[PDB]
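> A single structure is presented below for examination.
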Amino acid sequence: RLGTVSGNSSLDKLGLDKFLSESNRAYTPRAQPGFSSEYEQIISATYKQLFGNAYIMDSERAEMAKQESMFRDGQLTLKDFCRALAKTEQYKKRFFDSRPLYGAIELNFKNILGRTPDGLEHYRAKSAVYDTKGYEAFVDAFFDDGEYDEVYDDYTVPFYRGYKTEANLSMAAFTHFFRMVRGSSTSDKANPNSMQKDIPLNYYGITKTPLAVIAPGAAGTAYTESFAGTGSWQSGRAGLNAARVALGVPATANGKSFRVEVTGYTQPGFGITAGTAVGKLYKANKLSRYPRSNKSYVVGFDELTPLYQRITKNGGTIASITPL
Amino acid sequence: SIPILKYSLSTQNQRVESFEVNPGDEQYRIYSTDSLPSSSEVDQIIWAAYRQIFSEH
Amino acid sequence: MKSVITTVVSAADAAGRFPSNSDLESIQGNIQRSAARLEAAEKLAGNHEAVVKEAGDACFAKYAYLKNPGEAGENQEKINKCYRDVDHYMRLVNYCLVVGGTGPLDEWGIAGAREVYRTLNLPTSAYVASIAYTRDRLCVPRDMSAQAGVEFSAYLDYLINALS
Amino acid sequence: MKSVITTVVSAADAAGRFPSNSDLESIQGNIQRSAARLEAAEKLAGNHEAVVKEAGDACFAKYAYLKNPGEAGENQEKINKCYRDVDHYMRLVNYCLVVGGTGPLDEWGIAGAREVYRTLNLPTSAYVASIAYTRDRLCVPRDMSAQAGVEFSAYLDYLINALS
Amino acid sequence: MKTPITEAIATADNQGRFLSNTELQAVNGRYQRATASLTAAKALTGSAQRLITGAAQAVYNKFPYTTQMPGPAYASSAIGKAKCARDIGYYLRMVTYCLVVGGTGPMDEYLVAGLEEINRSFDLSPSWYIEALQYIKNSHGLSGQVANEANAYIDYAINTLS
Amino acid sequence: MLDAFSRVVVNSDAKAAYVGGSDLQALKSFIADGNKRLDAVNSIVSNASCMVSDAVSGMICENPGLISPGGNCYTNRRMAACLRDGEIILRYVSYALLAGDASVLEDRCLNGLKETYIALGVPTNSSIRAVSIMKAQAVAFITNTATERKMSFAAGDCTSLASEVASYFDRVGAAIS
Amino acid sequence: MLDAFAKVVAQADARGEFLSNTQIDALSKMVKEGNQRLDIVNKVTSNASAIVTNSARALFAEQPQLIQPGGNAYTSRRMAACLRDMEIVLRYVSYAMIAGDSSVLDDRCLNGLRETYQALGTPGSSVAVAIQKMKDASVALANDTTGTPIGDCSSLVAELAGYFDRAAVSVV
Amino acid sequence: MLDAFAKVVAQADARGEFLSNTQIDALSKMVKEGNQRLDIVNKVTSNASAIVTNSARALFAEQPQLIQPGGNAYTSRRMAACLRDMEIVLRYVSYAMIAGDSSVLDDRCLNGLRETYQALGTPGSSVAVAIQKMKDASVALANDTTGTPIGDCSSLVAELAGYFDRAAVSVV
Ligand SMILES: *CC[C@H]1/C(=C/c2[nH]c(/C=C3N=C(/C=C4\NC(=O)C(CC)=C4C)C(C)=C\3CCC(=O)O)c(CCC(=O)O)c2C)NC(=O)[C@@H]1C
Ligand SMILES: *C[C@@H](*)[C@H]1/C(=C/c2[nH]c(/C=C3N=C(/C=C4\NC(=O)C(CC)=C4C)C(C)=C\3CCC(=O)O)c(CCC(=O)O)c2C)NC(=O)[C@@H]1C
Ligand SMILES: *[C@@H](C)[C@H]1/C(=C/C2=NC(=C\c3[nH]c(C[C@H]4NC(=O)C(C=C)=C4C)c(C)c3CCC(=O)O)/C(CCC(=O)O)=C2C)NC(=O)[C@@H]1C
Ligand SMILES: *[C@@H](C)[C@H]1/C(=C/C2=NC(=C\c3[nH]c(C[C@H]4NC(=O)C(C=C)=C4C)c(C)c3CCC(=O)O)/C(CCC(=O)O)=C2C)NC(=O)[C@@H]1C
Ligand SMILES: *[C@@H](C)[C@H]1/C(=C/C2=NC(=C\c3[nH]c(C[C@H]4NC(=O)C(C=C)=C4C)c(C)c3CCC(=O)O)/C(CCC(=O)O)=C2C)NC(=O)[C@@H]1C
Ligand SMILES: *[C@H](C)[C@H]1/C(=C/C2=NC(=C\c3[nH]c(C[C@H]4NC(=O)C(C=C)=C4C)c(C)c3CCC(=O)O)/C(CCC(=O)O)=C2C)NC(=O)[C@@H]1C
Ligand SMILES: *[C@H](C)[C@H]1/C(=C/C2=NC(=C\c3[nH]c(C[C@H]4NC(=O)C(C=C)=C4C)c(C)c3CCC(=O)O)/C(CCC(=O)O)=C2C)NC(=O)[C@@H]1C
Ligand SMILES: *[C@H](C)[C@H]1/C(=C/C2=NC(=C\c3[nH]c(C[C@H]4NC(=O)C(C=C)=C4C)c(C)c3CCC(=O)O)/C(CCC(=O)O)=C2C)NC(=O)[C@@H]1C
Ligand SMILES: *[C@H](C)[C@H]1/C(=C/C2=NC(=C\c3[nH]c(C[C@H]4NC(=O)C(C=C)=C4C)c(C)c3CCC(=O)O)/C(CCC(=O)O)=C2C)NC(=O)[C@@H]1C
Ligand SMILES: *[C@H](C)[C@H]1/C(=C/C2=NC(=C\c3[nH]c(C[C@H]4NC(=O)C(C=C)=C4C)c(C)c3CCC(=O)O)/C(CCC(=O)O)=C2C)NC(=O)[C@@H]1C
Ligand SMILES: *[C@H](C)[C@H]1/C(=C/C2=NC(=C\c3[nH]c(C[C@H]4NC(=O)C(C=C)=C4C)c(C)c3CCC(=O)O)/C(CCC(=O)O)=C2C)NC(=O)[C@@H]1C
Ligand SMILES: *[C@H](C)[C@H]1/C(=C/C2=NC(=C\c3[nH]c(C[C@H]4NC(=O)C(C=C)=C4C)c(C)c3CCC(=O)O)/C(CCC(=O)O)=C2C)NC(=O)[C@@H]1C
Ligand SMILES: *[C@H](C)[C@H]1/C(=C/c2[nH]c(/C=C3N=C(/C=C4\NC(=O)C(CC)=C4C)C(C)=C\3CCC(=O)O)c(CCC(=O)O)c2C)NC(=O)[C@@H]1C
Ligand SMILES: C=CC1=C(C)[C@@H](Cc2[nH]c(/C=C3N=C(/C=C4\NC(=O)[C@H](C)[C@H]4CC)C(C)=C\3CCC(=O)O)c(CCC(=O)O)c2C)NC1=O
């Protein structure tokens, strides 16, 4: 269910319901012989967190038999399991070798640490370890510095914390959390901003640009926009997205100004009727009425209610309205 | 609330279809920001809008 | 897609290094072994329609209980799929000879195969009954070279050791 | 070390799996080079004291400022430590030919050489002047075989690139 | 930029068309005239320093108040003389960019768009630059259809200043 | 990820076809010219450090406004990053030349580089000029036509390996343009 | 949008340089390749209805889930848009062939097309299959020496195939 | 937008109150400085071209990398956009001087100007020293008595210099 005012709570209706329930705390040093029905829950909870709701087939899991045996012996969760699991091949296949370097840093912050790289210096502190010491010490730097030990215990699974005020990052990194973790029924391969092949927060993670938060499950959860710069120095193109500033005389005339994001724009459903037009279906250049879905607008207050009716009566649906 | 008063239509060229696949030299040059123009080509959109609303003079 | 090239490149990429002299010496064997390995690949391309008939029919001699009602080979549309389920496997063995390594088998055939062969109640001892029959019905003077029937036989009991 | 055996075994160990067929084509490429690489190690093992004698003073002929008070070649004793400093790098080139990979170089000679040579004020440009002289003094049929001089020169450019 | 190739694509994309023989003939006219255009840009590039110092001296003979009048707009200091020969090089460089591309596209983007607000603000007059470009037209030493190509882009820059 | 043999297999698995004999003639000449490919990677890696310090110095001598205060090679931190921004391009190209396919620089280097570079303010037209100089140095080592260093090969022709590596450098420029 | 001649000019202005003689002589080699380039573009634009229709018909033969009731290509309006989308991409690849670089394929065709297909529910991997079937239908036609002087133009068919790969990895 | 009069009115409607007598007095005090305020705006307006074109010339003389090729103000398209921006800041400062509070300057000129120059690549610290030069050029030009009756006018040029200081910190 969506909303922010119904159950007097607002974080469990942004997709963080099942993450707000679990601890997985591993209440003993070594695993008790004779039994496995309690530490198997600890093993699999570490798998769904560190791999990020990924599917691991039973032959893929059986490659990592040795590790799962030492953790069930007298060894610990962070250094003998989560550090060993991130140096296997089942980890390096999905999060390292498929991506550029900054895709790997953004997923190690999400998987191991549970937060977001804010600013260029969190990237650069982790990028420089790879250039001098390879992959097997690049994973160590996410563990053996002064962030992991003060947040997670030696035997707690690294839960998500990039949304709460205790992780003293920023408020722009709050909005970047709800681009990485898009709900509980989602994985890293299964969200449309990173398909295990690219960098999810590339321009917005470097420049610390806050994003509009679109709740998973809302009408408009399919909103995605592509990137192009504008301005002749960086040699960019105008006309793709909307501006994020509302700068001129159109800022304060027609009231205050908002940024609206639309997603679903099909070719039927434009005119003032109920049915699709019949005939040629396209003009002579045969492009479309809307050459791409996911249009965004910048609109004043006194033009917000006529725009709203133009959006919805022509098939579109509103993903986010933020004030500018 | 004083609606606009009703007037009658008239026969014009634009009320009726042209069959015109593959237009020619008298096709009149769509200037759009849906083609993602660069800085040299957004100058041509601006001059075309000045020509249309103002005069050329 | 594990092979000899993608394992010495991933070793060099994970250290941030240029390809050293070890990475180039791993390819001089890939150049040497390719003639034996590609010779068995074309012997299996132009003969697969007869090996698949012979291999799948050795399944229904050790296992005649599949033909009963309720089991995996109950009707001819299901008996036909077991010939397809084997003709899929000989293609992935043909891919592993062209690539060089065991890339396409564990990526396209072995990955998650135990889940599919447990929900659908397909026995897995009748999958190894077909490949193990092909592996010892083999003449290395006649059907192949001597050194092509050691590369062809290696991917067959790799598939058996995976499915067992 | 980094060689051809240590690479395919570690990538087997980092994936929890037996030595596959692509893990054996790489050692096959070590057989096709050992007879073209161990005679580069044979020549360097019996001629080193004439190589380091002329390559060591090719840097003192180039950078003559080092024999000043306050410099790295102040007295005769610190000149003799530089000849010992150079007769280690030719010894490790000899070990990289024997192992086959560049493991002995970037674990005993390269690892930590930036921190040492910055601290003790030793110019690395005089190290690469003593190693580039050896790489250019080599004639291909006179000093070695035709392909032994490709192996030996492929490690003298790993030394120069790692100190620059 | 406006090139002969991007103005054949844009007129075919406006009609929703594949590249017909109307458009293949137009790109072929670019490839025919590009032999005379690429030797004019090679001959203007290699003799550029002779043309810049010459054309800046031709302004100083014609308008000698620009070397005597005090003020930041004039070539009376050594600073203001290097900014003059800078600007002559900017105009000569854009002419070579239009010869390799074909069509007055590089100087429509880099030079002429916003040029009037620069000359008005810093009090530079466009008759200094016409006199410099009329020297380069008369002194580039080209002949035939190679001079015909070069002079057609000199005269475009003069017509935007005149 | 995908080398010259994995590229063939994934295009046969699209059709569920066996890799027969007519498609193995491109792969029988990949192996027959296999020593020339290993002789081509060895000519790049052996002087790769000199190839980078000449390419970004040659970029600066042409555009001297990169090292001015406000330029993008001004500080020591910015010039050190440029000296490895262009050493990691040469590294992933020599992976692509070794494997005979471009699926490693287009999947680990070129993906999302144009968004990364304009987030940082890196001038792309000078980044292409640094890559363009390294492409000229690369074909002058595949073919033995370098001015300041001749290497020892056997006799023959490598104009197909010289033009393959020049096509790997052109998709770097086509990615950040 | 840019062609190949203005791509090398936009890079020389950003450093304030004249073009060197090597860049001029590399541009005049592209001019004498010009008649062979217009042959390839003519060979595609004159078979354009058969590149689209055959590679469509070969796509719903091996993927019958697209046109089965409930599929993305099942109705007349959705079948007409799948044929429009195949024709658009083949149109903008032939535009980037006469230009010499893919700046017109990038912005006014491919920028925002993965985002558009994900909004509608179009299977973007099936679109990449249809683009690679128009590739080898028109690589095979540019290698046809019917009505041409027999010379060598293998370097521009390797260029034309690269613009089809550029459009196929950009929608998946 | 608000002036100094309607700002106080808008804060009273939110509470549902009349204006107190101590606020009618403080609003009547700025009426008595009416002629002194119009003299300042008339001085800045009458020299508006010379404030800008001298500050810009003094900016590229100390930062010559902004105009040498590849800089952010190298082309006449970009150079005319730089001079345009300097007299947008000057125009909205003198709007705020007439009104009395920075609401027109804060809303339709300054809000989002830091994010605009960051997203374009323009150095925001160089726009600060372009605004600081116009402050010292226009508080020295509002401090000369040629044409105005000599009284005291120092409580208002501390305000005018406070609007230039507000603009120069919200570009970085
Ligand atoms: C010396 C000045 C510095 C500088 C200026 C510069 N600015 C731009 C581009 C833009 N500036 C704005 C700002 C406004 N536009 C408005 O209409 C208003 C009124 C409210 C403001 C405050 C905008 C929107 C742009 C982008 C639009 C455009 O390009 O015209 C540029 C051009 C940058 C480019 O590459 O496009 C310059 C050069 N930059 C400097 O170098 C100086 C430090
Ligand atoms: C022939 C020399 C005459 C002359 C020249 C002069 N020019 C300037 C200043 C500028 N000129 C430009 C022009 C351009 N900049 C561009 O980027 C382009 C397109 C590529 C053009 C055409 C600009 C922007 C300036 C001001 C900034 C600068 O470059 O320094 C000056 C200095 C004026 C000043 O007030 O500083 C001079 C002296 N003037 C003469 O007297 C000669 C006759
Ligand atoms: C002891 C284990 C056996 C035995 C071994 C012999 N093997 C001999 C030769 C040989 N084997 C292979 C295949 C092997 N080499 C590879 O590179 C790979 C895979 C990458 C494999 C599996 C080859 C290629 C050869 C070389 C000769 C050939 O087959 O053409 C061999 C001959 C050596 C000699 O006689 O000196 C022996 C003795 N043979 C035995 O009898 C015991 C049981
Ligand atoms: C074009 C790029 C060059 C050139 C290339 C040739 N190289 C030839 C043969 C060759 N090169 C090597 C060394 C290489 N192979 C390895 O395994 C390793 C290291 C692991 C390296 C560096 C070898 C072994 C050979 C084969 C020679 C032999 O029989 O031992 C070659 C001739 C063979 C052929 O063409 O088939 C050519 C042409 N030569 C040139 O002239 C240009 C500059
Ligand atoms: C302060 C920065 C100046 C300055 C200002 C003073 N002006 C004084 C009187 C005054 N000013 C004007 C002009 C104004 N009224 C208008 O209607 C218009 C536009 C149409 C303008 C520009 C007038 C008409 C008057 C006379 C009214 C009066 O006497 O108040 C003034 C008072 C004199 C004093 O007490 O010193 C001051 C201070 N004078 C300066 O010296 C600085 C430079
Ligand atoms: C089968 C009836 C479908 C079908 C299924 C596939 N699902 C694939 C991947 C996948 N699915 C989910 C969602 C699942 N995980 C959850 O936690 C929950 C609910 C709480 C659900 C419903 C996720 C997270 C993933 C990603 C797995 C991963 O990335 O490792 C999938 C692709 C698997 C793969 O690519 O390896 C398939 C084929 N597909 C079908 O065609 C029928 C309709
Ligand atoms: C079977 C023929 C043996 C036997 C096997 C058992 N081993 C049991 C537990 C166990 N074994 C190891 C060592 C294993 N882990 C490694 O990392 C390595 C080498 C690198 C090896 C050999 C460990 C660490 C453990 C701890 C338990 C765990 O990992 O979960 C075991 C008991 C399992 C249990 O207690 O639940 C058995 C039966 N024992 C036998 O009696 C025969 C001789
Ligand atoms: C109180 C005067 C406000 C109000 C406050 C609420 N804030 C709520 C949640 C919340 N707020 C922040 C922002 C805060 N945390 C930071 O780290 C920083 C900057 C460094 C700031 C300004 C965050 C991040 C969160 C998320 C919750 C968390 O971090 O633990 C909140 C809701 C709590 C809840 O959802 O149960 C309220 C009510 N809201 C008001 O009505 C008045 C105006
Ligand atoms: C023959 C030796 C077997 C046998 C085989 C059957 N397999 C059946 C379905 C089936 N098989 C697979 C695996 C196959 N598909 C692939 O894509 C690949 C690799 C590329 C392989 C090896 C799958 C995924 C499925 C399910 C999909 C489907 O139903 O078509 C099957 C049909 C059973 C059923 O679903 O009712 C049979 C009969 N059965 C035998 O009798 C022996 C053991
Ligand atoms: C030679 C032409 C050089 C030069 C060399 C000097 N090296 C000095 C000390 C030194 N060198 C090394 C590296 C070397 N020693 C090793 O054990 C190994 C590998 C097994 C290598 C490559 C080390 C670790 C040290 C410090 C310990 C030691 O002194 O042996 C040295 C003495 C300097 C001093 O300590 O004051 C010299 C003079 N110096 C030159 O003039 C040119 C550049
Ligand atoms: C020099 C040739 C260039 C130039 C280079 C700079 N690059 C800068 C930062 C930077 N570059 C990359 C891409 C790099 N990382 C990769 O993983 C790969 C491919 C696999 C590449 C090419 C990234 C991710 C970054 C971010 C910052 C970082 O992590 O270091 C850079 C910025 C340094 C700084 O801001 O302090 C520069 C200066 N820039 C130039 O002007 C010339 C043309
Ligand atoms: C390349 C993949 C083709 C091919 C191309 C060649 N064309 C050659 C010469 C040529 N082509 C044309 C026609 C072209 N020019 C136009 O202006 C127009 C449209 C109005 C078209 C269609 C002409 C007029 C010429 C003669 C001029 C010239 O020689 O450049 C040519 C040269 C012959 C050779 O050296 O082989 C080639 C290669 N020919 C092929 O074999 C493949 C299929
Ligand atoms: C056909 C092989 C595949 C397929 C195609 C398909 N596409 C659409 C819909 C759209 N395609 C576009 C793309 C563009 N429009 C443009 O103007 C341009 C030039 C810039 C491009 C690249 C757009 C905007 C739409 C939506 C508008 C529309 O409906 O026409 C559909 C219809 C989807 C729908 O539900 O309406 C289809 C079927 N689908 C397949 O399954 C094939 C793999
Ligand atoms: C401003 C300063 C400045 C420079 C430093 C040079 C830089 C330079 N060198 C080359 C061009 C080259 N550079 C090299 C590089 C090398 N040759 C060797 O023997 C070494 C291994 C390595 C240098 C360490 C090679 C092999 C070529 C091509 C052949 C040659 O010109 O020698 C090019 C190519 C031209 C181009 O296409 O853009 C440039 C710009 N030029 C300059 O204007």
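Letters A, B, ... go to the chains of the structure tokens in the order shown; residues in each chain start at 1; ligands are counted from 1 in the same order.
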Just want the 9 Å neighbourhood of segment 143-147 of chain D, counted on only C-alpha atoms, with same-chain residues fewer than 4 positions away dropped. Output as a PyMOL selection string.

(chain D and resi 36-37+39-40+43+138-139+151-152) or (chain F and resi 152)

> Set the cut-off to 12 Å and count only C-alpha atoms: what are the residues of chain F that reach chain A? Output as JSON, numbers by chain.

{"F": [1, 2, 77, 80, 81, 84, 85, 87, 88, 92, 103, 104, 105, 106, 107, 108, 109, 110, 111, 112, 113, 114, 115, 116, 117, 118, 119, 120, 121, 122, 123, 124, 125, 126, 176, 177]}

> Give me a file of those residues, with C-alpha atoms, as a compact mmCIF listing (two decimals), in the first residue's frame.


```
# COMPACT_ATOMS: atom_id res chain seq x y z
CA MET F 1 34.02 -11.70 -21.74
CA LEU F 2 33.44 -12.70 -25.37
CA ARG F 77 45.98 15.85 -8.79
CA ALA F 80 48.03 12.56 -12.39
CA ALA F 81 44.50 11.42 -13.15
CA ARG F 84 46.06 7.20 -15.90
CA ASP F 85 42.78 8.15 -17.62
CA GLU F 87 46.78 4.56 -19.47
CA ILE F 88 43.60 2.61 -18.80
CA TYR F 92 41.67 -2.24 -22.37
CA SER F 103 33.44 -6.78 -25.79
CA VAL F 104 35.77 -5.93 -22.90
CA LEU F 105 36.42 -2.23 -23.52
CA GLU F 106 32.81 -1.69 -24.54
CA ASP F 107 31.60 -3.40 -21.36
CA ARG F 108 34.16 -2.24 -18.79
CA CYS F 109 35.57 0.98 -20.25
CA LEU F 110 33.33 2.65 -22.83
CA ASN F 111 29.94 2.14 -21.15
CA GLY F 112 28.77 5.39 -19.61
CA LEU F 113 32.08 7.20 -20.12
CA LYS F 114 30.48 10.20 -21.83
CA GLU F 115 28.18 10.73 -18.85
CA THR F 116 31.13 10.38 -16.47
CA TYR F 117 33.27 12.88 -18.36
CA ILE F 118 30.73 15.69 -18.51
CA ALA F 119 29.90 15.22 -14.84
CA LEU F 120 33.54 16.01 -14.11
CA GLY F 121 34.00 18.73 -16.71
CA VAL F 122 36.62 16.84 -18.73
CA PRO F 123 37.03 18.38 -22.22
CA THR F 124 36.21 15.52 -24.55
CA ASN F 125 37.74 17.06 -27.68
CA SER F 126 41.14 16.97 -25.98
CA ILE F 176 32.89 10.09 -26.04
CA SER F 177 31.59 12.03 -29.04
```

> Which residues in segment 75-290 of chain A does DSSP call alpha helix (DSSP H)? List them as a PyMOL selection string.

chain A and resi 83-85+89-95+101-108+120-138+140-143+148-151+172-180+203-207+249-252

> Which residues, written as a list in words, have at least one atom at most 12 Å from residue 3 of chain H, with only C-alpha atoms counted and residues fewer than 2 positions away on the same chain left out?

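These residues fall inside the cut-off: residues 1, 5, 6, 7, 8, 9, 10, 27, 30, 95, 96, 97, 98, 99, 100, 101, 102, 103, 104 and 105 of chain H.
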
> Using only N, CA, C and O atoms, please write the residues we just selected to a file, as a short mmCIF file (atom, residue, chain, number, x, y, z; two decimals), in the first residue's frame.


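Saved result, selection.cif, follows:
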```
data_model
loop_
_atom_site.label_atom_id
_atom_site.label_comp_id
_atom_site.auth_asym_id
_atom_site.auth_seq_id
_atom_site.Cartn_x
_atom_site.Cartn_y
_atom_site.Cartn_z
N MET H 1 6.75 38.64 -6.37
CA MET H 1 7.79 39.50 -5.82
C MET H 1 7.20 40.46 -4.81
O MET H 1 6.04 40.86 -4.92
N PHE H 5 7.21 47.11 1.49
CA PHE H 5 5.88 47.40 2.01
C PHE H 5 5.03 46.15 2.10
O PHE H 5 4.49 45.84 3.17
N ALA H 6 4.92 45.40 1.00
CA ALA H 6 4.08 44.22 0.96
C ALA H 6 4.70 43.02 1.66
O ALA H 6 3.99 42.04 1.89
N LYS H 7 5.99 43.06 1.98
CA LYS H 7 6.58 42.03 2.81
C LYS H 7 5.99 42.06 4.21
O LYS H 7 5.65 41.02 4.77
N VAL H 8 5.83 43.26 4.78
CA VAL H 8 5.30 43.40 6.13
C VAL H 8 3.81 43.09 6.14
O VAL H 8 3.28 42.55 7.12
N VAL H 9 3.11 43.40 5.05
CA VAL H 9 1.69 43.07 4.92
C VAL H 9 1.49 41.56 4.86
O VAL H 9 0.60 41.01 5.52
N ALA H 10 2.35 40.87 4.12
CA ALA H 10 2.20 39.43 3.93
C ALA H 10 2.51 38.65 5.19
O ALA H 10 2.02 37.53 5.36
N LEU H 27 7.90 52.00 8.19
CA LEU H 27 7.60 52.11 6.77
C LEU H 27 7.53 53.56 6.32
O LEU H 27 7.79 53.85 5.15
N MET H 30 11.27 55.00 5.46
CA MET H 30 11.83 54.76 4.14
C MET H 30 11.12 55.55 3.05
O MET H 30 11.62 55.59 1.92
N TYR H 95 16.86 46.24 -9.26
CA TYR H 95 15.45 46.02 -8.94
C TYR H 95 15.26 45.88 -7.45
O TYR H 95 14.28 46.38 -6.88
N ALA H 96 16.18 45.19 -6.78
CA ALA H 96 16.10 45.00 -5.34
C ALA H 96 16.38 46.28 -4.58
O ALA H 96 15.94 46.42 -3.44
N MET H 97 17.12 47.22 -5.18
CA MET H 97 17.36 48.50 -4.53
C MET H 97 16.10 49.35 -4.50
O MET H 97 15.81 50.02 -3.50
N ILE H 98 15.34 49.34 -5.60
CA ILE H 98 14.08 50.08 -5.66
C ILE H 98 13.05 49.49 -4.71
O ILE H 98 12.37 50.24 -3.99
N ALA H 99 12.94 48.17 -4.65
CA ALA H 99 11.94 47.55 -3.79
C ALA H 99 12.31 47.70 -2.32
O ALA H 99 11.51 48.19 -1.52
N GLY H 100 13.51 47.30 -1.96
CA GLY H 100 13.97 47.41 -0.60
C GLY H 100 14.34 46.08 0.03
O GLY H 100 15.04 46.07 1.05
N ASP H 101 13.88 44.97 -0.52
CA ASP H 101 14.27 43.66 -0.05
C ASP H 101 14.58 42.76 -1.24
O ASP H 101 13.98 42.89 -2.31
N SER H 102 15.53 41.85 -1.04
CA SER H 102 15.93 40.92 -2.10
C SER H 102 14.91 39.79 -2.14
O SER H 102 15.09 38.73 -1.55
N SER H 103 13.81 40.05 -2.83
CA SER H 103 12.88 39.00 -3.19
C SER H 103 12.84 38.78 -4.70
O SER H 103 12.72 37.65 -5.15
N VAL H 104 12.95 39.85 -5.48
CA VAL H 104 13.02 39.69 -6.93
C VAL H 104 14.40 39.19 -7.34
O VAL H 104 14.53 38.38 -8.25
N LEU H 105 15.45 39.61 -6.62
CA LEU H 105 16.78 39.11 -6.92
C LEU H 105 16.93 37.67 -6.46
O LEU H 105 17.57 36.86 -7.14
#
```

> Could you list, as a PyMOL selection string, all residues that come within 6 Å of ligand 13? Count only C-alpha atoms and all ligand atoms.

(chain A and resi 266-267+287-288+290-293) or (chain G and resi 66+72-73+78-79+81-83+85-86+108-109+113+120+122-123+126-127+130)

> Show which residues sit within 10 Å of segment 311-314 of chain A, as a PyMOL selection string. Count only C-alpha atoms, and ignore same-chain residues fewer than 4 positions away.

chain A and resi 260-274+305-307+318

> How close is chain G to chain H in C-alpha RMSD after a least-squares fit, all Cα atoms in order?

0.6 Å

> List all protein, DNA and RNA residues that have at least one atom no more than 6 Å from any atom of ligand 12, counting only C-alpha atoms and all ligand atoms, and write them as a list in words.

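These are the residues that qualify: residues 24, 25 and 28 of chain E; 35, 36, 38, 39, 40, 42, 142, 143, 144, 145, 148, 149, 150, 151, 152 and 153 of chain G.
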
> Using only C-alpha atoms, find the one residue out of H:28, H:55, H:21, H:63 that sits nearest to chain E.

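Of H:28, H:55, H:21, H:63, the one nearest chain E, counting only C-alpha atoms, is H:55.
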
> Quick one: residues within 7 Å of ligand 6, with only C-alpha atoms and all ligand atoms, as a list in words?

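The distance check yields residues 53, 54, 55, 56, 184, 185, 186, 187, 188, 189 and 190 of chain A.
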
> List all protein, DNA and RNA residues that have any atom at most 8 Å from ligand 9, counting only C-alpha atoms and all ligand atoms, and write the list as a PyMOL selection string.

chain C and resi 56+59+66+71-73+77-86+88-89+92+108-109+113+116-117+120+122-127+129-130

> Please return as a list in words the residues found within 7 Å of ligand 4, counting only C-alpha atoms and all ligand atoms.

residues 21, 24, 25 and 28 of chain C; 147 and 150 of chain D; 32, 33, 35, 36, 37, 38, 39, 40, 42, 142, 143, 144, 153, 154, 155, 156, 157, 158 and 161 of chain F

> With a cut-off of 12 Å and counting only C-alpha atoms, select all residues of chain E in contact with chain H and give the selection as a PyMOL selection string.

chain E and resi 72-73+79-80+83+86-87+89-91+94+106-123

> Could the residues of chain C that have an atom at most 12 Å from ligand 11 be listed as a tab-separated table, each with its closest atom pair and the distance in Å to one decimal, counting only C-alpha atoms and all ligand atoms and ordered by chain and ascending residue number?


```
residue	atom	partner	partner_atom_place_in_ligand_line	distance
C:13	CA	ligand 11	20 (C)	10.1
C:14	CA	ligand 11	20 (C)	11.9
C:16	CA	ligand 11	20 (C)	10.0
```
